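Visitor: Dropping in work37.cif, which is mmCIF, C-alpha atoms; chains and numbers go by the auth columns:
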```cif
data_target
loop_
_atom_site.group_PDB
_atom_site.id
_atom_site.type_symbol
_atom_site.label_atom_id
_atom_site.label_comp_id
_atom_site.label_asym_id
_atom_site.label_seq_id
_atom_site.Cartn_x
_atom_site.Cartn_y
_atom_site.Cartn_z
_atom_site.B_iso_or_equiv
_atom_site.auth_seq_id
_atom_site.auth_asym_id
ATOM 1 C CA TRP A 1 33.869 -0.048 2.795 0.00 1 A
ATOM 2 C CA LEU A 2 35.847 -2.961 4.274 0.00 2 A
ATOM 3 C CA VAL A 3 32.956 -3.443 6.750 0.00 3 A
ATOM 4 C CA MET A 4 30.378 -3.881 3.966 0.00 4 A
ATOM 5 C CA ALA A 5 33.118 -5.950 2.316 0.00 5 A
ATOM 6 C CA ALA A 6 33.188 -8.422 5.206 0.00 6 A
ATOM 7 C CA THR A 7 35.368 -11.516 4.628 0.00 7 A
ATOM 8 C CA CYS A 8 36.732 -10.403 1.261 0.00 8 A
ATOM 9 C CA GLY A 9 38.051 -6.859 1.019 0.00 9 A
ATOM 10 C CA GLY A 10 40.580 -4.855 -0.952 0.00 10 A
ATOM 11 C CA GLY A 11 40.655 -7.464 -3.691 0.00 11 A
ATOM 12 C CA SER A 12 40.167 -5.832 -7.073 0.00 12 A
ATOM 13 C CA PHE A 13 39.715 -8.355 -9.888 0.00 13 A
ATOM 14 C CA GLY A 14 38.607 -6.342 -12.940 0.00 14 A
ATOM 15 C CA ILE A 15 37.661 -2.708 -13.619 0.00 15 A
ATOM 16 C CA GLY A 16 34.980 -1.840 -16.197 0.00 16 A
ATOM 17 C CA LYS A 17 34.782 1.643 -17.737 0.00 17 A
ATOM 18 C CA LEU A 18 32.037 3.703 -19.418 0.00 18 A
ATOM 19 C CA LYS A 19 31.210 7.129 -20.886 0.00 19 A
ATOM 20 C CA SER A 20 29.287 9.669 -18.772 0.00 20 A
ATOM 21 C CA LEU A 21 27.532 11.540 -21.595 0.00 21 A
ATOM 22 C CA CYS A 22 26.129 9.869 -24.733 0.00 22 A
ATOM 23 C CA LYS A 23 27.279 10.593 -28.298 0.00 23 A
ATOM 24 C CA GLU A 24 28.750 9.263 -31.551 0.00 24 A
ATOM 25 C CA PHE A 25 29.961 5.787 -30.641 0.00 25 A
ATOM 26 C CA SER A 26 28.413 3.930 -27.690 0.00 26 A
ATOM 27 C CA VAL A 27 31.758 3.184 -26.000 0.00 27 A
ATOM 28 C CA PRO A 28 31.051 0.333 -23.561 0.00 28 A
ATOM 29 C CA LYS A 29 34.675 0.099 -22.537 0.00 29 A
ATOM 30 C CA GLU A 30 36.385 -3.215 -21.840 0.00 30 A
ATOM 31 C CA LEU A 31 38.062 -3.805 -25.222 0.00 31 A
ATOM 32 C CA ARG A 32 41.406 -3.079 -23.491 0.00 32 A
ATOM 33 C CA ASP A 33 41.722 -6.892 -23.297 0.00 33 A
ATOM 34 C CA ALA A 34 42.522 -6.814 -27.039 0.00 34 A
ATOM 35 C CA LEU A 35 44.852 -3.788 -26.738 0.00 35 A
ATOM 36 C CA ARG A 36 47.917 -5.674 -25.452 0.00 36 A
ATOM 37 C CA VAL A 37 47.175 -7.902 -28.444 0.00 37 A
ATOM 38 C CA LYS A 38 47.574 -4.753 -30.535 0.00 38 A
ATOM 39 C CA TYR A 39 46.657 -6.237 -33.931 0.00 39 A
ATOM 40 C CA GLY A 40 45.029 -9.654 -33.472 0.00 40 A
ATOM 41 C CA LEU A 41 42.599 -9.820 -36.405 0.00 41 A
ATOM 42 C CA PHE A 42 42.722 -6.252 -37.781 0.00 42 A
ATOM 43 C CA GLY A 43 46.210 -6.444 -39.343 0.00 43 A
ATOM 44 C CA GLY A 44 45.223 -9.200 -41.785 0.00 44 A
ATOM 45 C CA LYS A 45 41.664 -8.590 -42.997 0.00 45 A
ATOM 46 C CA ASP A 46 41.393 -10.189 -46.457 0.00 46 A
ATOM 47 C CA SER A 47 44.833 -10.229 -48.108 0.00 47 A
ATOM 48 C CA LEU A 48 45.554 -13.031 -50.599 0.00 48 A
ATOM 49 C CA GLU A 49 47.702 -13.289 -53.742 0.00 49 A
ATOM 50 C CA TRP B 1 24.788 -0.355 -15.905 0.00 1 B
ATOM 51 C CA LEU B 2 25.722 -3.234 -18.235 0.00 2 B
ATOM 52 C CA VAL B 3 29.318 -2.889 -16.942 0.00 3 B
ATOM 53 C CA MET B 4 28.273 -3.411 -13.305 0.00 4 B
ATOM 54 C CA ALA B 5 25.997 -6.090 -14.773 0.00 5 B
ATOM 55 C CA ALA B 6 28.951 -8.037 -16.169 0.00 6 B
ATOM 56 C CA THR B 7 28.074 -11.460 -17.642 0.00 7 B
ATOM 57 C CA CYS B 8 24.317 -11.120 -17.196 0.00 8 B
ATOM 58 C CA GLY B 9 22.724 -7.886 -18.365 0.00 9 B
ATOM 59 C CA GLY B 10 19.408 -6.612 -19.658 0.00 10 B
ATOM 60 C CA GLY B 11 17.594 -9.621 -18.253 0.00 11 B
ATOM 61 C CA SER B 12 14.600 -8.516 -16.215 0.00 12 B
ATOM 62 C CA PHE B 13 12.956 -11.378 -14.319 0.00 13 B
ATOM 63 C CA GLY B 14 10.458 -9.760 -11.924 0.00 14 B
ATOM 64 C CA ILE B 15 9.559 -6.191 -10.917 0.00 15 B
ATOM 65 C CA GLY B 16 8.462 -5.390 -7.347 0.00 16 B
ATOM 66 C CA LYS B 17 6.504 -2.215 -6.553 0.00 17 B
ATOM 67 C CA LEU B 18 5.948 -0.094 -3.424 0.00 18 B
ATOM 68 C CA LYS B 19 4.364 3.125 -2.119 0.00 19 B
ATOM 69 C CA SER B 20 6.544 6.224 -1.608 0.00 20 B
ATOM 70 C CA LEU B 21 4.582 7.833 1.239 0.00 21 B
ATOM 71 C CA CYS B 22 2.936 5.883 4.085 0.00 22 B
ATOM 72 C CA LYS B 23 -0.805 5.840 4.831 0.00 23 B
ATOM 73 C CA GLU B 24 -3.997 3.798 5.230 0.00 24 B
ATOM 74 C CA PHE B 25 -3.061 0.384 3.871 0.00 25 B
ATOM 75 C CA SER B 26 0.589 -0.724 3.822 0.00 26 B
ATOM 76 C CA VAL B 27 0.586 -1.646 0.113 0.00 27 B
ATOM 77 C CA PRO B 28 3.609 -3.927 -0.369 0.00 28 B
ATOM 78 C CA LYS B 29 2.795 -4.498 -4.010 0.00 29 B
ATOM 79 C CA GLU B 30 3.276 -7.860 -5.701 0.00 30 B
ATOM 80 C CA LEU B 31 -0.281 -9.230 -5.448 0.00 31 B
ATOM 81 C CA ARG B 32 -0.562 -8.708 -9.236 0.00 32 B
ATOM 82 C CA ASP B 33 0.263 -12.443 -9.449 0.00 33 B
ATOM 83 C CA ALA B 34 -3.324 -13.096 -8.285 0.00 34 B
ATOM 84 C CA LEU B 35 -4.827 -10.421 -10.578 0.00 35 B
ATOM 85 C CA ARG B 36 -4.798 -12.483 -13.796 0.00 36 B
ATOM 86 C CA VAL B 37 -6.516 -15.046 -11.573 0.00 37 B
ATOM 87 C CA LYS B 38 -9.159 -12.373 -11.008 0.00 38 B
ATOM 88 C CA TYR B 39 -11.296 -14.252 -8.463 0.00 39 B
ATOM 89 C CA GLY B 40 -9.399 -17.282 -7.139 0.00 40 B
ATOM 90 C CA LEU B 41 -10.698 -17.584 -3.567 0.00 41 B
ATOM 91 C CA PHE B 42 -12.689 -14.345 -3.137 0.00 42 B
ATOM 92 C CA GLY B 43 -15.648 -15.283 -5.375 0.00 43 B
ATOM 93 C CA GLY B 44 -16.668 -18.236 -3.191 0.00 44 B
ATOM 94 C CA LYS B 45 -16.126 -17.337 0.470 0.00 45 B
ATOM 95 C CA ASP B 46 -18.603 -19.430 2.493 0.00 46 B
ATOM 96 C CA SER B 47 -21.648 -20.226 0.335 0.00 47 B
ATOM 97 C CA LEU B 48 -23.518 -23.474 1.064 0.00 48 B
ATOM 98 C CA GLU B 49 -27.169 -24.547 0.777 0.00 49 B
#
```
Can you give me the file's structure in the form of structure tokens?
Guide:
Amino acid sequence: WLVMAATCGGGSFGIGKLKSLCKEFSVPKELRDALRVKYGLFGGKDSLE
Amino acid sequence: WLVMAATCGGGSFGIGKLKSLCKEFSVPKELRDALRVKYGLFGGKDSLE
């Protein structure tokens, strides 16, 4: 796999994930980016006095 | 397949076709381009009075 790789090898940059079977919610999975930012927009939806 | 796709996905541009088995005429199939032009050069081969 380093031979097919040629000049650049063993250099992971980003890993995408997906569901094998299909059901309920589509689950195209790379929302992890907004997981470290645990509550970016969801905490404050429409709160005003 | 959209995950491997990354930034560009679901954007077909051109579809090539080919024969599974081998026989008679090779049939590398993308002559469809000259099918809408039904008779471009074949209609008039070498006709002259």
Visitor: Within 10 Å of chain B, which residues of chain A show up? Give each one with its shortest atom-to-atom distance in Å (one decimal) and the two atoms involved, counting only C-alpha atoms, rows by chain then rising residue number, as a Markdown table.
Guide:
```
| residue | atom | partner | partner_atom | distance |
| --- | --- | --- | --- | --- |
| A:15 | CA | B:3 | CA | 9.0 |
| A:16 | CA | B:3 | CA | 5.8 |
| A:17 | CA | B:3 | CA | 7.1 |
| A:18 | CA | B:3 | CA | 7.5 |
| A:28 | CA | B:3 | CA | 7.6 |
| A:29 | CA | B:3 | CA | 8.3 |
| A:30 | CA | B:3 | CA | 8.6 |
```
Visitor: Work out how far apart atom CA of residue A:48 and atom CA of residue A:32 are and give it in Å to one decimal.
Guide: 29.2 Å
Visitor: Would you write out chain A as a PDB file with C-alpha atoms, in the coordinates of the input, after superposing it on chain B by least squares over all in-order Cα pairs?
Guide:
```pdb
ATOM      1  CA  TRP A   1      24.789  -0.355 -15.906  1.00  0.00           C
ATOM      2  CA  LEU A   2      25.722  -3.234 -18.235  1.00  0.00           C
ATOM      3  CA  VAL A   3      29.317  -2.889 -16.941  1.00  0.00           C
ATOM      4  CA  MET A   4      28.274  -3.411 -13.305  1.00  0.00           C
ATOM      5  CA  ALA A   5      25.997  -6.090 -14.773  1.00  0.00           C
ATOM      6  CA  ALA A   6      28.951  -8.036 -16.169  1.00  0.00           C
ATOM      7  CA  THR A   7      28.074 -11.460 -17.643  1.00  0.00           C
ATOM      8  CA  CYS A   8      24.316 -11.120 -17.196  1.00  0.00           C
ATOM      9  CA  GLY A   9      22.724  -7.887 -18.365  1.00  0.00           C
ATOM     10  CA  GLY A  10      19.408  -6.612 -19.658  1.00  0.00           C
ATOM     11  CA  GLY A  11      17.595  -9.621 -18.253  1.00  0.00           C
ATOM     12  CA  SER A  12      14.600  -8.516 -16.215  1.00  0.00           C
ATOM     13  CA  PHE A  13      12.956 -11.379 -14.319  1.00  0.00           C
ATOM     14  CA  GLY A  14      10.459  -9.760 -11.924  1.00  0.00           C
ATOM     15  CA  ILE A  15       9.559  -6.191 -10.917  1.00  0.00           C
ATOM     16  CA  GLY A  16       8.462  -5.390  -7.347  1.00  0.00           C
ATOM     17  CA  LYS A  17       6.504  -2.216  -6.554  1.00  0.00           C
ATOM     18  CA  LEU A  18       5.948  -0.094  -3.424  1.00  0.00           C
ATOM     19  CA  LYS A  19       4.364   3.125  -2.119  1.00  0.00           C
ATOM     20  CA  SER A  20       6.544   6.224  -1.609  1.00  0.00           C
ATOM     21  CA  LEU A  21       4.581   7.833   1.239  1.00  0.00           C
ATOM     22  CA  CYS A  22       2.936   5.883   4.085  1.00  0.00           C
ATOM     23  CA  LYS A  23      -0.805   5.840   4.831  1.00  0.00           C
ATOM     24  CA  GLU A  24      -3.997   3.798   5.230  1.00  0.00           C
ATOM     25  CA  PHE A  25      -3.061   0.384   3.871  1.00  0.00           C
ATOM     26  CA  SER A  26       0.589  -0.724   3.822  1.00  0.00           C
ATOM     27  CA  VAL A  27       0.586  -1.646   0.113  1.00  0.00           C
ATOM     28  CA  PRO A  28       3.609  -3.927  -0.369  1.00  0.00           C
ATOM     29  CA  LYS A  29       2.796  -4.499  -4.009  1.00  0.00           C
ATOM     30  CA  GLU A  30       3.276  -7.860  -5.701  1.00  0.00           C
ATOM     31  CA  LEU A  31      -0.282  -9.230  -5.448  1.00  0.00           C
ATOM     32  CA  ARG A  32      -0.563  -8.708  -9.236  1.00  0.00           C
ATOM     33  CA  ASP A  33       0.263 -12.443  -9.449  1.00  0.00           C
ATOM     34  CA  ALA A  34      -3.324 -13.096  -8.284  1.00  0.00           C
ATOM     35  CA  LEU A  35      -4.827 -10.421 -10.578  1.00  0.00           C
ATOM     36  CA  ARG A  36      -4.798 -12.483 -13.796  1.00  0.00           C
ATOM     37  CA  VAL A  37      -6.516 -15.046 -11.572  1.00  0.00           C
ATOM     38  CA  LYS A  38      -9.159 -12.373 -11.008  1.00  0.00           C
ATOM     39  CA  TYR A  39     -11.296 -14.252  -8.463  1.00  0.00           C
ATOM     40  CA  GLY A  40      -9.398 -17.282  -7.139  1.00  0.00           C
ATOM     41  CA  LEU A  41     -10.698 -17.584  -3.568  1.00  0.00           C
ATOM     42  CA  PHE A  42     -12.688 -14.345  -3.137  1.00  0.00           C
ATOM     43  CA  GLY A  43     -15.648 -15.282  -5.375  1.00  0.00           C
ATOM     44  CA  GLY A  44     -16.668 -18.236  -3.191  1.00  0.00           C
ATOM     45  CA  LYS A  45     -16.127 -17.338   0.471  1.00  0.00           C
ATOM     46  CA  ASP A  46     -18.603 -19.430   2.492  1.00  0.00           C
ATOM     47  CA  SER A  47     -21.648 -20.227   0.335  1.00  0.00           C
ATOM     48  CA  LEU A  48     -23.518 -23.474   1.065  1.00  0.00           C
ATOM     49  CA  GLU A  49     -27.169 -24.547   0.777  1.00  0.00           C
TER      50      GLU A  49
END
```
Visitor: One number please: atom CA of residue B:27 to atom CA of residue B:14, in Å, one decimal.
Guide: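 If I compute the distance from atom CA of residue B:27 to atom CA of residue B:14, I get 17.6 Å.
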Visitor: So what do you get for atom CA of residue A:12 versus atom CA of residue A:34, distance-wise?
Guide: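 Separation between atom CA of residue A:12 and atom CA of residue A:34: 20.1 Å.
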Visitor: Once N, CA, C and O atoms are restored for stretch 20-37 of chain A, what would the output be as a compact mmCIF listing (two decimals), keeping the file's coordinate frame?
Guide:
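Result went into selection_33.txt, see below:
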```
# COMPACT_ATOMS: atom_id res chain seq x y z
N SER A 20 30.29 8.97 -19.58
CA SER A 20 29.29 9.67 -18.77
C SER A 20 28.15 10.18 -19.66
O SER A 20 26.99 9.80 -19.47
N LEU A 21 28.49 11.04 -20.62
CA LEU A 21 27.53 11.54 -21.60
C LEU A 21 27.39 10.54 -22.74
O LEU A 21 28.15 9.57 -22.83
N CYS A 22 26.41 10.77 -23.61
CA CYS A 22 26.13 9.87 -24.73
C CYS A 22 26.29 10.59 -26.07
O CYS A 22 25.76 11.70 -26.24
N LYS A 23 27.00 9.97 -27.00
CA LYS A 23 27.28 10.59 -28.30
C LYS A 23 28.13 9.72 -29.22
O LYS A 23 28.96 8.93 -28.75
N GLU A 24 27.94 9.90 -30.53
CA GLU A 24 28.75 9.26 -31.55
C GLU A 24 28.76 7.75 -31.43
O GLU A 24 27.89 7.06 -31.97
N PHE A 25 29.77 7.23 -30.74
CA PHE A 25 29.96 5.79 -30.64
C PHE A 25 29.67 5.41 -29.19
O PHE A 25 30.08 6.11 -28.27
N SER A 26 28.95 4.30 -29.01
CA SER A 26 28.41 3.93 -27.69
C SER A 26 29.48 3.90 -26.60
O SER A 26 29.28 4.44 -25.51
N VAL A 27 30.61 3.25 -26.90
CA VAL A 27 31.76 3.18 -26.00
C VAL A 27 31.46 2.48 -24.66
O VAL A 27 31.64 3.06 -23.59
N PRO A 28 30.98 1.22 -24.73
CA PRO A 28 31.05 0.33 -23.56
C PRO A 28 32.46 -0.25 -23.48
O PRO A 28 32.84 -1.07 -24.32
N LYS A 29 33.22 0.17 -22.48
CA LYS A 29 34.67 0.10 -22.54
C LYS A 29 35.30 -1.02 -21.71
O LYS A 29 35.56 -0.87 -20.51
N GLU A 30 35.51 -2.16 -22.36
CA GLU A 30 36.38 -3.22 -21.84
C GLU A 30 37.01 -3.99 -23.01
O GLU A 30 37.16 -5.21 -22.96
N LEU A 31 37.36 -3.25 -24.06
CA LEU A 31 38.06 -3.80 -25.22
C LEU A 31 39.58 -3.76 -24.99
O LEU A 31 40.34 -4.32 -25.78
N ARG A 32 40.00 -3.11 -23.91
CA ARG A 32 41.41 -3.08 -23.49
C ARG A 32 42.06 -4.47 -23.46
O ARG A 32 43.28 -4.58 -23.62
N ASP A 33 41.25 -5.50 -23.24
CA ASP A 33 41.72 -6.89 -23.30
C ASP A 33 42.43 -7.20 -24.62
O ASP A 33 43.43 -7.93 -24.63
N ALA A 34 41.92 -6.65 -25.72
CA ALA A 34 42.52 -6.81 -27.04
C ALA A 34 43.34 -5.58 -27.45
O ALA A 34 43.39 -5.23 -28.63
N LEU A 35 43.97 -4.93 -26.48
CA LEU A 35 44.85 -3.79 -26.74
C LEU A 35 46.31 -4.22 -26.59
O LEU A 35 47.17 -3.79 -27.37
N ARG A 36 46.60 -5.05 -25.59
CA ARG A 36 47.92 -5.67 -25.45
C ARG A 36 48.19 -6.58 -26.65
O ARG A 36 49.33 -6.67 -27.13
N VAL A 37 47.15 -7.26 -27.13
CA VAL A 37 47.18 -7.90 -28.44
C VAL A 37 46.79 -6.81 -29.44
O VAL A 37 45.63 -6.68 -29.83
```
